[PDB]
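Report on one structure; see the data block that follows.
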Amino acid sequence: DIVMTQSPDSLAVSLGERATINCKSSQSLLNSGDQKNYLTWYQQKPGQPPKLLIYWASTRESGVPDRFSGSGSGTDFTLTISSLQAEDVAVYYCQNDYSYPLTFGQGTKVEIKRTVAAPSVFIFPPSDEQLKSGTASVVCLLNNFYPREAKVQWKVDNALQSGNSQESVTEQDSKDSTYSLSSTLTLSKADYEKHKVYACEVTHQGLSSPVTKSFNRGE
Amino acid sequence: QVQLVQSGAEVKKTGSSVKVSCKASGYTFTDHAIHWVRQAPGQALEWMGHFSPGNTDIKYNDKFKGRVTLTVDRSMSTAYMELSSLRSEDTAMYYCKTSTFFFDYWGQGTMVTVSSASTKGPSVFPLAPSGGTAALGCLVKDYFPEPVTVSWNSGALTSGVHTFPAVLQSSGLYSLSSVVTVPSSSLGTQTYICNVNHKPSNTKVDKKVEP
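Which chain is which? The protein sequence lines are L and H, in order.
When we follow the authors' numbering, the leftmost residue of the first sequence carries the number 1, and every step to the right adds one.
Mapping of the second sequence onto the authors' numbering: residues 1 to 130, 136 to 216, in sequence order.
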């Protein structure tokens, strides 16, 4: 089996600047018969099938603009995207087309780099309707921020919570290059009604101090 | 117009089998091999094998050999992928596609979910509104399988909407929130209704979110 290793795993590139993605194969992909490298590049956006970009290491698929360039030979290959556009935000995969099993790299995720943007934070108590069910969900929203890295900590009566929350993050917004994130704390009704102060504390590069949003149950 | 149309999403219990179809049109079926590629949630593409219909050359990735069977119905221009003894690793989008890199066409994908969960529509709860911007939303909890769709005010409200990707809970059921930010001055005048549709259970919920 040929192992395909891409580098980096993720790339943040400002609009109009150059993105460089490397792909190394564990064995040469150069075919002696036609002297072509059987290395293929695909672009894949969330929810969609992959789309062919480049084949034989450097031949552009019809319809692909010339700011996409494939280079390299043998075991070391590079996809260069010049003048990055928001429509280039995607996961890029290289594929061994030389010998079976056909194997893929692990993907390189490209995002747009923009100036740091702090999140706007909101907290939502559980609804009275949900409380009738025996479980309570508390939701913290971090809206429209960049970069994606953020620390969200739940405090209940000032006790730091662990193990009882799940996070979800959006894909990057195509127009403004930001993310939003939800953190949902799940408690039993009994635990929810036992405690009073519910707080989510957000740490982010765009915040000089962590931001806390909190409520007192029943207010 | 070249088209590859795959069969719909399937839920299967562990140990069961699934057979996905891929109907080809717009070209002569025997002109290209059909390849099968899958992708587990958030993971890399994985090549499963190919079937070349004109001459019955069948190739398998050893990772799947003996658990997957590739067939074709040449009379109906259809390729099949049958995967047996299903495991958690098999929850994934499955794609068919033509050729290696000479005829780039892909089916739309088939989601296979390996789970013992029963099909269940979501419970929809308000995320009530507590700088002239207010955030509100709907918590779309405990549904199975994927997917759900959420709109606001029957699609009239799209600016500022974030419908988060679902998370799988330890119960085996999915959950997500959909949020929107609106002018605080509109809270007394404009109704805000999330429209939650879960086609696998034929459920449609319109929840008014009140301050």
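From the three backbone atoms N, C-alpha and C, an ideal C-beta is built for every residue, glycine too.
For residue i and residue j, I'd like the C-alpha separation in whole angstroms.
i	j	result
L:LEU15	L:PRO147	15 Å
L:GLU171	L:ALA150	15 Å
H:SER52	H:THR30	7 Å
L:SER183	L:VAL197	17 Å
H:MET48	L:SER165	36 Å
H:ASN202	H:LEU178	16 Å
L:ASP76	L:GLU61	20 Å
L:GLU167	H:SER191	30 Å
L:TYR42	L:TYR92	6 Å
L:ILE112	L:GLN85	8 Å
H:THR138	H:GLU46	45 Å
H:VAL124	H:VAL153	12 Å
L:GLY134	H:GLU89	32 Å
L:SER69	L:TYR38	15 Å
H:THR100	L:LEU52	10 Å
H:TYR105	H:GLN3	7 Å
H:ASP211	H:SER159	9 Å
L:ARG217	H:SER130	13 Å
L:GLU201	L:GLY63	47 Å
L:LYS213	H:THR71	57 Å
residue 228 of chain L	L:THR20	Residue 228 of chain L falls outside the range modelled here, since chain L spans only 1 to 219, and no answer is possible.
L:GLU17	L:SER83	5 Å
H:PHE64	L:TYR179	37 Å
L:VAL156	L:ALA199	7 Å
L:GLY33	H:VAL112	40 Å
Could you name the residues that DSSP lists as bridge partners for residue i?
i	result
H:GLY142	H:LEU127 and H:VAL184
L:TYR93	L:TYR42
L:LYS151	L:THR203
L:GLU111	L:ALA12
H:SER175	Partner(s): none; H:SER175 has no beta bridge.
H:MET93	H:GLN39 and H:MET111
H:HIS50	H:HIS35 and H:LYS59
L:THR186	L:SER137
L:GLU167	L:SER183
L:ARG60	L:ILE54
H:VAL18	H:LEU83
Please say whether residue j and residue i have beta carbons closer to each other than 8 Å?
i	j	result
H:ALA140	L:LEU141	yes
residue 286 of chain H	H:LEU86	Absent from the model: residue 286 of chain H. The displayed extent of chain H is 1 to 216, so no value can be given.
L:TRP154	L:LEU131	no
L:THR80	L:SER10	no
L:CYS23	L:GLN35	no
L:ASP1	L:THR103	yes
L:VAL110	L:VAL139	no
L:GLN95	L:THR40	yes
H:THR110	H:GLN43	no
H:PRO216	H:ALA128	yes
H:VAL214	H:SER183	no
L:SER174	L:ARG114	no
Name the residue from the options whose alpha carbon lies nearest to the alpha carbon of residue i.
i	options	result
L:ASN144	L:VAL89, L:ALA118 and L:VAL152	L:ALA118
L:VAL211	L:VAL152, L:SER137, L:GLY70 and L:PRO125	L:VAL152
L:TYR98	L:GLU61, L:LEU29, L:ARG18 and L:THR203	L:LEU29
H:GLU82	H:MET76, H:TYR60, H:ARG74 and H:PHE125	H:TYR60
L:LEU187	L:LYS175, L:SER137, L:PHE215 and L:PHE122	L:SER137
H:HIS167	H:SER176, H:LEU181, H:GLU151 and H:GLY177	H:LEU181
L:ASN31	L:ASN22, L:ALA57, L:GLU87 and L:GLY70	L:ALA57
H:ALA117	H:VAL11, H:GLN6 and H:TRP36	H:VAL11
H:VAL155	H:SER175, H:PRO122 and H:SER130	H:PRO122
H:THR98	H:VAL153, H:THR28 and H:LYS146	H:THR28
L:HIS204	L:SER162, L:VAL116 and L:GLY47	L:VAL116
H:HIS35	L:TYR100, L:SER120, L:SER214 and L:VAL202	L:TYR100
H:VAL37	L:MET4, L:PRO49, L:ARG18 and L:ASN37	L:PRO49
L:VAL169	H:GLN174, H:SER175 and H:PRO170	H:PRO170
H:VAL185	L:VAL3, L:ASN37, L:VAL121 and L:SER162	L:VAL121
H:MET76	H:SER84, H:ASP62 and H:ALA24	H:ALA24
H:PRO126	H:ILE198, H:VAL18 and H:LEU4	H:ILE198
L:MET4	L:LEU181, L:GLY74 and L:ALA159	L:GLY74
H:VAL187	H:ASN200, H:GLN174, H:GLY165 and H:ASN207	H:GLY165
H:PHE103	H:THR196, H:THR78 and H:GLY26	H:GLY26
H:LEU173	H:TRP157, H:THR163 and H:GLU151	H:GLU151
L:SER127	L:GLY47, L:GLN27, L:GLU219 and L:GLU87	L:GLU219
At what residues does the beta strand (DSSP E) containing residue i begin and finish?
i	result
H:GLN3	3–6
L:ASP1	That residue, L:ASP1, is in no beta strand (DSSP E); it is neither H nor E in DSSP.
H:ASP211	208–213
L:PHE122	120–124
H:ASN202	198–203
L:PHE215	211–216
L:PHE68	68–73
L:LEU79	76–81
H:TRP157	154–157
H:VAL11	10–12
Which two residues bound the contiguous alpha helix (DSSP H) that contains residue i?
i	result
L:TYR192	189–194
L:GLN130	128–131
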